[PDB]
RNA sequence: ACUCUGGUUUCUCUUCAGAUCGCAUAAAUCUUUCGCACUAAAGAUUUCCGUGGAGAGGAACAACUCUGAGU
């Protein structure tokens with residue numbers, strides 16, 4: 341019985357119109373042969389995306405004229421636009437260039453997004469400090485939804501309900517949760533055993549790791 | 446000796462990995478199928494003498510075909526240099542540890558074969574032959590001298606010594622006291638047969654090969690330079706390679722000092738490659754600095770240059786981390802909340818008022834002290 | 018011409077070509093003296109060696125290939141590292157590959243929230259500090275003006 | 461110039 | 002990299018030794034494959050633009066030109082030797098001999114000081130220049 | 001108690017075998033482990049030392065004692 345409470349409340353449908361590339365080290369004829377022989381074809385492999393791993397871009401590791409603060413900010417819309425149909429993504433699979441492209445077929449009532457802010461370097465495991473400029477009042481994913489059923493989803497105005505930020509160094513790090521409480525409007529930030537009050541503008545300041553938004 | 450034998454048995458038992466499934470190919474039967482081999486039947490003494498002669502001939506071929514005619518191999522398989530030689534000839538006289546081990550094994554085999562021949566030539570009695578075999582197997586590390594060729598054989602030598610001690614102390618009891626007549630040599634024979642069977646693949650591979658027919682920064686810089694040069698045309702590789710190297714150096718020095726590297730006149734793929742190289746070098750440098758700091762804290766052996774380089778890298782990393790922390794403090798604002806700060810200020814004011822501490826004024830124009 | 022022309026003297073036995081195990085590299089038998097009988101003997105010997113090496117050859121080869129494939133996940137060659145960049149790097153045109161200069165020559239306002247918080251905290255503290263009893267203050271105008279009242 | 465020598469050295473390592 | 006032009010031909014290297022007389026000629030007989038010779042080349046590049054006005058450093062490959070490794074007997078993986086106006090100056094390192102450095106000197110300042118001392122000794126004509134270093138030990142603690 | 005496919009020995013090849021494949025016991029490489037590794041342990045890998053299973057082919061001499069089977 342796949343229609344579980346969790347599967348119905350926090351799991352959605354994504355239609356990954358994914359493809360592959362023939363070869364980087366081949367001429368035009370050999371590449372076109374695989375492009376036409378379904379060896380580099382585009383296929384729809386629509387699955388159930390319980391969590392949308394919106395990947396943040398790596399820090400430029402270089403200063404600029406603007407950005408008085410040296411923390412590279414990033415808008416949520418640009419971050420979440422990767423999952424849209426137009427934005428193609430490449431996967432460095434073994435002996436292949438899996439150039440794919442995703443598309444959200446159906447949105448869950450409570451979308452859960454977990455930005456992978458921590459990666460592994462060639463000799464260590466660094467955490468990307470880029471901030472996610474995510475408005476926490478109203479947002480719509482219809483600008484990144486699939487064109488086939490764009491009008492099928494009547495409601496698209498989703499608002500963030502809870503954010504969990506992992507502050508500190510990767511090895512020694514603290515896990516704080518900034519949750520927007522219902523009943524009232526205050527988005528309280530809760531430590532392990534300390535409950536504080538966080539300003540809504542300050543919620544979008546701390547680097548979030550896992551976010552859960554209510555589609556209203 | 447008994448404890449050492451028990452240790453060897455327990456080691457051979459705990460490591461009893463069951464054998465693997467081979468294809469059951471017989472090397473001896475394969476060589477028999479080969480047209481370049483004949484078959485006959487002869488006494489073990491004659492075959493041993495023939496094998497000793499063949500081994501001597503093979504050693505002579507290995508020490509003569511290499512034009513190293515300044516040394517001679519004795520009939521006892523103890524190769525001794527003929528006369529003095531120069532450093533060039535000394536390097537030419539380099540005898541590999543595999544060669545030394547093979548020479549020692551051949552010497553032991555020739556000694557055993559000659560002892561058998563003497564037993565079959567009427568030189569000594571059969572009991573004397575057994576005693577000679579016991580001597581040629583136990584307490585034979587001194588005679589063979591194979592320990593220097595391969596240090597690992599010292600374990601087998603100690604096992605043979607323990608077997609000799611046990612056999613002695615058991616047999617030499619009652620009317621038969623201490624003496625040289627102990628002829629029980631099966632144990633040492635088995636030990637040396639096992640050692641030879643283990644050693645055989647390495648020596649065979651060496652003989653077959655003879656007869657035929679930490680630095681991530683420099684490596685990454687060399688790889689990037691090679692890639693750029695191979696991509697660069699011959700019309701631009703005459704003098705602009707130094708320019709590309711200088712640009713890479715500027716990028717490296719830029720990331721190490723928080724100064725942005727801005728080359729707007731450079732190609733976008735060139736900038737991407739430079740940025741990738743800079744990121745790789747930064748990761749390698751950070752890992753190396755962390756490892757060096759850990760080693761220094763633990764108490765590893767370093768030098769003044771290494772200590773200076775590690776201190777510089779650690780200082781640069783600490784400065785970058787402090788800059789990042791200050792930037793985050795500016796971004797995150799004051800960590801102390803307004804209410805907590807007000808409460809702390811009120812407490813300090815109350816404490817000062819209770820102490821009635823008169824504030825220290827600005828230094829007057831005519832201060833006494 | 019040899020090095021004798023420079024008039025220099027002292028003060072394949074190289075140390076790199078030499079080693080502890082298996083001694084020095086190279087083959088003691090020169091590859092020159094071969095023949096058709098040598099070809100036949102070498103073929104027979106190689107066939108015998110290959111036959112005697114095929115016991116676990118298939119399983120060993122499969123396991124080694126799997127291990128190499130696994131190690132390819134964590135062991136990228138320096139060349140492989142820049143391979144993706146080097147492939148795209150060839151797209152730079154001749155003008156792009158010649159204009160390379162010599163190396164000798236809405237939005238997020240992160241500081242805004244910090245400044246606002248600092249201003250609020252300072253205002254709150256000053257409101258608290260306005261309740262102080264006897265905090266002193268020496269006017270810089272008076273002190274500087276009266277600084278030269280005792281000058282030579 | 462140095463590009464050929466660098467490529468030769470890299471190809472052997 | 003290896004910006005120092007390696008004299009491929011042995012006779013070319015000998016002529017290069019006879020080319021400059023008023024400066025110091027240092028030939029790196031190390032094979033460019035080994036990492037030790039790579040570190041030696043890096044150290045040379047550190048002093049490439051410094052000792053240039055007083056010295057002319059060239060690389061060498063014992064595989065390319067073998068006569069140098071067979072007559073001078075440079076068997077080390079990367080041996081640094083000097084020749085001044087057809088006179089191979091000896092550096093009093095204290096390692097038993099003085100024909101080569103034989104050590105991957107990772108200190109640029111030490112190499113610069115050694116080059117300066119070698120130049121001073123060559124100017125003074127001393128065939129065995131007293132190296133201002135305790136090279137007989139590892140110089141580490 | 002009548003009859004019946006059914007002999008062992010030995011040589012060779014292929015293939016499988018984690019069963020104490022072997023009531024025996026080695027070698028090498030990497031990895032982790034404290035060194036500062038013959039004198040040391042752990043994990044893995046590989047090659048030998050030589051086997052058992054089955055199949056296939058070959059040449060020697062037993063032809064039904066035997067046993068299973070067709071009474």
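Residue numbers (the deposited numbering), protein chains in the order written: chain U, 341 to 556; chain A, 446 to 658, 679 to 834; chain N, 18 to 28, 72 to 165, 236 to 282; chain 7, 461 to 473; chain D, 2 to 142. For each residue, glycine too, the CB sits at the ideal point set by N, CA and C.
DSSP places residue 408 (chain U) outside both helix and strand once states are collapsed to three, so it counts as coil. At a cut-off of 9 Å between beta-carbon atoms, residue 789 (chain A) makes contact with chain U. Within chain 7, no C-beta atom comes less than 9 Å from the C-beta of residue 448 (chain A); the nearest is roughly 51 Å away.
Exclusion of the five residues before and after residue 710 (chain A) leaves 690 as the residues of its chain whose Cβ lies within less than 7 Å of its Cβ. Membership of residue 352 (chain U) in the beta strand (DSSP E) is indicated by the continuous run 352–354. With a threshold of 9 Å between beta carbons, residue 25 (chain N) makes contact with chain D. With 16 or more other Cβ atoms from the protein chains shown falling within 10 Å of its own Cβ, residue 27 (chain D) counts as buried. Under the Cβ criterion of 9 Å, residue 411 (chain U) is counted among the residues facing chain N. By the Cβ test, the segment 589–600 of chain A is in contact with the segment 546–559 of chain A, since at least three Cβ pairs between them sit closer than 8 Å. Every unbroken stretch of the beta strand (DSSP E) spanning 3 or more residues and falling wholly within the segment 507–576 of chain A is given here in chain order: 516–518, 524–526.
DSSP lists no beta-bridge partner residue for residue 641 (chain A).
Looking at the backbone, the Cα of residue 142 (chain D) and that of residue 164 (chain N) are separated by about 40 Å. The beta carbon of residue 34 (chain D) falls within 9 Å of a beta carbon belonging to chain 7, placing the residue at that interface.
Here the alpha carbons of residue 611 (chain A) and residue 447 (chain A) stand approximately 7 Å from one another.
Looking from the CA of residue 64 (chain D), the closest CA among 73 (chain N), 126 (chain N), 110 (chain N) belongs to 73 (chain N). Counting only residues of its own chain and dropping the five nearest sequence neighbours on each side, residue 103 (chain D) has a CB closer than 6 Å to the CB of 77, 80. At a cut-off of 9 Å between C-beta atoms, residue 369 (chain U) does not count as an interface residue with respect to chain A. Rounded to the nearest whole angstrom, the C-alpha separation of residue 507 (chain U) and residue 96 (chain D) is 56 Å. Within chain A, not a single residue places a beta-carbon under 8 Å from that of residue 137 (chain D); the smallest gap is close to 15 Å.
The three-state reading of DSSP puts residue 243 (chain N) in helix, counting H, G and I together.
At a cut-off of 9 Å between beta-carbon atoms, residue 140 (chain D) makes contact with chain A. With respect to chain D, the C-beta atom of residue 464 (chain 7) has no partner C-beta closer than 9 Å. DSSP places residue 765 (chain A) outside both helix and strand once states are collapsed to three, so it counts as coil. Contact annotation: in the segment 720–737 of chain A, residues whose CB is within less than 7 Å of a CB in chain U are 720, 723, 725, 726. Annotated three-state conformation of residue 35 (chain D) is coil, per DSSP. DSSP, read as helix, strand or coil, puts residue 384 (chain U) in strand. Apart from sequence neighbours up to five positions away, the residues of its chain that approach residue 603 (chain A) with a beta-carbon distance below 8 Å are 449, ordered along the chain.
In the DSSP assignment, residue 514 (chain U) is bridged to 507 (chain U). Interface annotation, residue 114 (chain D): not in contact with chain A, CB-CB separation never under 9 Å. Taking 7 Å as the Cβ-Cβ cut-off, the segment 236–251 of chain N approaches chain U at 238, 240, 241, 243, given in chain order.
Just measuring C-alpha positions, the residue of 553 (chain A), 825 (chain A), 577 (chain A), 474 (chain A) sitting nearest residue 500 (chain A) is 553 (chain A).
For residue 135 (chain D) and residue 583 (chain A), the gap between their C-alpha atoms comes out near 50 Å. DSSP places residue 612 (chain A) within a helical segment (H, G or I) once states are collapsed to three. Using a Cβ-Cβ cut-off of 9 Å, residue 132 (chain D) does not count as an interface residue toward chain 7, since no Cβ of chain 7 sits closer than that to its own. In chain N, no part has a C-beta under 9 Å from the C-beta of residue 375 (chain U); the shortest such distance is about 18 Å.
The way I'd put it, the segment 83–99 of chain N doesn't touch the segment 554–561 of chain A; fewer than three beta-carbon pairs between them come closer than 8 Å.
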